[PDB]
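Asker: Dropping a structure here in structure tokens format, bear with me for questions.
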Ligand SMILES: [Ca+2]
Ligand SMILES: [Mg+2]
């Protein structure tokens, strides 16, 4: 009754890999939101940093 | 824009408005630029003026900034997004972890967005300061 | 497969696609992981059989290639409570429903498709399995908690 005990342990181990992934799921989703927020806002900054009006405002910012 | 900010642009505007007539011309921008350092080339001056639909008084000035400066997340939103990756609330991220996130995952940064982001970034002892970086990225620092 | 279940795989595929860089392909090494998010519990042996790989970097799959893969895994064989208890009955030497912490961690990391020690450490944490003063656990509770999953 071995091969069967071994097949049964593999299917229990299978349940466990399941539990762990599905646990991990909700954190991936939340973090997808976080990494998108970070990626799209850094890029707005990069765009702003090469906009001539910004470049101009940024040099007159000190003299005021 | 906030009032303090709207009020800051008024003062920026009346220094850019070199001839004080109340509009900003290609000539004003050039006079004030050449005054601050290397001026942009007149092809570039032409073009930033093409950004105002009509005459460039303060109202139209305010408005081109407000359009550019909107559609971006608050500082709290951006700081919390970073904090999702900082479970101990240490308020830093290891430098290698944040590069790996940005470059390799999501909508990947290319070498030049990577080069440019971290040219500016507050990094010390292998830790990226996302609280400070967020202020920098939103102007509550830089 | 049901349209709804096809929409549901759409939303998981997309989630995983972003995490190895958003380009409409998920790595074929995450093949099993996408399927588990959908509520099935295949063996690694099962997912290798429908084209799953043994390493990141090896191969990448677009949505319509995930579809038949998920379709065939859905009839993989899943273990029952009954079988689970009988298996763990074989390690129970005193017949009172216990198995020592070390024998548990030994059967999981050593037999079948062995999990890693880290995988065992984690599952024990999440199910909140605690040993008694003698170092034993009731395996019937563990078995019930693992099968009930993280949300519960
Ligand atoms: Ca991808
Ligand atoms: Mg003027």
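Chains as they are written, first to last, in the authors' numbering: chain A, 774 to 837; chain B, 12 to 153; chain C, 3 to 154.
Cβ atoms here follow ideal geometry from the backbone N, Cα and C, with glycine treated the same way.
Using 6 angstroms as the cut-off, classify the Cβ of residue 24 of chain B as near or not near the heavy atoms of ligand 2, replying yes or no.
Answerer: The answer is no for residue 24 of chain B.
Asker: Is there at least one Cβ from chain C nearer than 7 angstroms to residue 800 of chain A's Cβ?
Answerer: Output row for residue 800 of chain A: interface = no.
Asker: Applying the criterion that 16 or more other CB atoms from any shown protein chain within 10 Å of the CB defines a buried residue, is residue 153 of chain C buried or exposed?
Answerer: Exposed, because fewer than 16 other Cβ atoms sit within 10 Å of the Cβ of residue 153 of chain C.
Asker: Locate the beta strand (DSSP E) running through residue 91 of chain B, then write down its first and last residues.
Answerer: No beta strand (DSSP E) holds residue 91 of chain B; the alpha helix (DSSP H) holding it covers 86–94.
Asker: Check whether the Cβ of residue 25 of chain C sits closer than 6 angstroms to any heavy atom of ligand 2, and report yes or no.
Answerer: No - ligand 2 has no heavy atom lying nearer than 6 angstroms to the Cβ of residue 25 of chain C.
Asker: At a cut of 8 angstroms, does the region 109–122 of chain B reach the region 67–83 of chain B through at least three beta carbon pairs?
Answerer: No, they do not touch.
Asker: Compare the C-beta of residue 60 of chain B with all C-beta atoms of chain A and state if any pair is closer than 7 angstroms.
Answerer: It does not: the Cβ of residue 60 of chain B has no partner Cβ on chain A nearer than 7 angstroms.
Asker: Mind listing, in chain order, the residues whose beta carbon lies closer than 6 angstroms to a non-hydrogen atom of ligand 2?
Answerer: That gives B:28, B:30, B:32, B:34, B:35, B:36, B:39.
Asker: Taking buried to mean at least 16 other C-beta atoms within 10 Å of its own C-beta, is residue 64 of chain C buried or exposed?
Answerer: Residue 64 of chain C is exposed by the Cβ-count criterion.
Asker: Assuming residue 155 of chain C is part of the alpha helix (DSSP H), what are its boundary residues?
Answerer: The requested residue 155 of chain C does not occur in the structure, where chain C is confined to residues 3 to 154.
Asker: DSSP three-state call for residue 29 of chain C: helix, strand or coil?
Answerer: Note: residue 29 of chain C maps to strand in three-state DSSP.
Asker: Is there contact here, the region 789–808 of chain A with the region 76–95 of chain B, by at least three beta-carbon pairs under 8 angstroms?
Answerer: As far as the Cβ criterion goes, the region 789–808 of chain A touches the region 76–95 of chain B, which means the pair count is three or higher.
Asker: Does the beta carbon of residue 105 of chain B sit closer than 7 angstroms to a beta carbon anywhere in chain C?
Answerer: Taking Cβ atoms only, chain C never reaches closer than 7 angstroms to residue 105 of chain B, which makes this a no.
Asker: Over what stretch of residues does the alpha helix (DSSP H) that includes residue 25 of chain B continue unbroken?
Answerer: Run containing residue 25 of chain B: 14–27, per the alpha helix (DSSP H) assignment.
Asker: Just list the residues that DSSP pairs residue 135 of chain B with in beta bridges.
Answerer: According to DSSP, which records beta bridges pairwise, residue 135 of chain B is partnered with B:138.
Asker: Assuming residue 27 of chain C contacts residue 19 of chain C under a Cβ cut-off of 8 angstroms, what Cβ separation, rounded to an integer in Å, is found between them?
Answerer: Going by Cβ atoms, the distance from residue 27 of chain C to residue 19 of chain C rounds to 7 angstroms, so yes, they are a contact pair.
Asker: Taking contact to mean 3 or more Cβ pairs, one atom from each stretch, closer than 8 angstroms, check whether the region 135–143 of chain C and the region 86–104 of chain C are in contact.
Answerer: Yes: the two stretches touch, three or more of their Cβ pairs being nearer than 8 angstroms.
Asker: Within the continuous alpha helix (DSSP H) that includes residue 42 of chain C, where are the two ends?
Answerer: No alpha helix (DSSP H) contains residue 42 of chain C, which DSSP labels as neither H nor E.
Asker: Can you list the residues of chain B that residue 796 of chain A reaches, using a CB-CB cut of under 7 angstroms?
Answerer: Neighbours of residue 796 of chain A on chain B: none; closest Cβ ~15 angstroms, over 7 angstroms.
Asker: Are the beta-carbon atoms of residue 837 of chain A and residue 22 of chain B separated by less than 7 angstroms?
Answerer: Yes. Within cutoff.
Asker: Flag this pair as yes or no: are the beta carbons of residue 111 of chain C and residue 119 of chain C separated by less than 7 angstroms?
Answerer: Yes, Cβ-Cβ distance for residue 111 of chain C and residue 119 of chain C is below 7 angstroms.
Asker: Would you list the one or two residues that DSSP bridges to residue 62 of chain C?
Answerer: BP columns for residue 62 of chain C point to C:29.
Asker: Beta-carbon within less than 7 angstroms of residue 117 of chain C's beta-carbon, same chain only, minus the 5 sequence neighbours each way: which residues are those?
Answerer: Closer than 7 angstroms at Cβ, skipping near neighbours: 110, 111.
Asker: Since residue 102 of chain C is in the alpha helix (DSSP H), which residue starts that stretch and which ends it?
Answerer: Residue 102 of chain C -> not in any alpha helix (DSSP H); beta strand (DSSP E) instead, spanning 100–102.
Asker: Based on the DSSP secondary-structure assignment, which residues constitute the bridge partners of residue 105 of chain B?
Answerer: Residue 105 of chain B is bridged to B:138.
Asker: Kindly indicate which three-state DSSP category residue 30 of chain B falls into: helix, strand or coil?
Answerer: Note: residue 30 of chain B maps to coil in three-state DSSP.
Asker: Do we get a CB-CB distance below 7 angstroms when we pair residue 807 of chain A with the residues of chain C?
Answerer: No, no contact with chain C.
Asker: So, is residue 71 of chain C buried or exposed, given that buried needs 16 or more other C-beta atoms within 10 angstroms?
Answerer: Under this definition residue 71 of chain C is a buried residue.
Asker: Compare the C-alpha of residue 65 of chain B against each of B:45, B:36, B:46, B:30 and name the closest.
Answerer: Considering only alpha carbons, the answer is B:36.
Asker: At a threshold of 6 angstroms, does residue 118 of chain B count as lining ligand 1 (C-beta to nearest heavy atom)?
Answerer: Answer for residue 118 of chain B: no, Cβ out of range of ligand 1.
Asker: With C-beta atoms as the reference, is residue 54 of chain C less than 7 angstroms away from residue 33 of chain C?
Answerer: Yes, the Cβ-Cβ distance between residue 54 of chain C and residue 33 of chain C is below 7 angstroms.
Asker: Closer than 9 angstroms by beta-carbon distance: list the chain A residues that pair up with residue 17 of chain C, in chain order.
Answerer: Per Cβ cutoff of 9 angstroms: 798, 801, 802, 805.
Asker: For residue 49 of chain C, count neighbouring C-beta atoms within 10 Å of its own C-beta (all shown protein chains included) and say buried if the count is 16 or more, exposed if not.
Answerer: Looking at its Cβ environment, which holds 16 or more other Cβ atoms inside 10 Å, residue 49 of chain C is buried.
Asker: Give me the chain B residues within the contact set of residue 20 of chain C, using Cβ-Cβ distance strictly less than 7 angstroms, ordered along the chain.
Answerer: Residues of chain B passing the Cβ test: 117.
Asker: Would you check whether ligand 1 has a heavy atom nearer than 6 angstroms to the C-beta of residue 199 of chain C?
Answerer: Nothing can be reported for residue 199 of chain C: it is not among the residues displayed for chain C, which extend from 3 to 154.
Asker: State the Cα-Cα distance for the pair residue 777 of chain A and residue 89 of chain C, rounded to the nearest angstrom.
Answerer: Spanning the two alpha carbons is a distance of roughly 9 angstroms.
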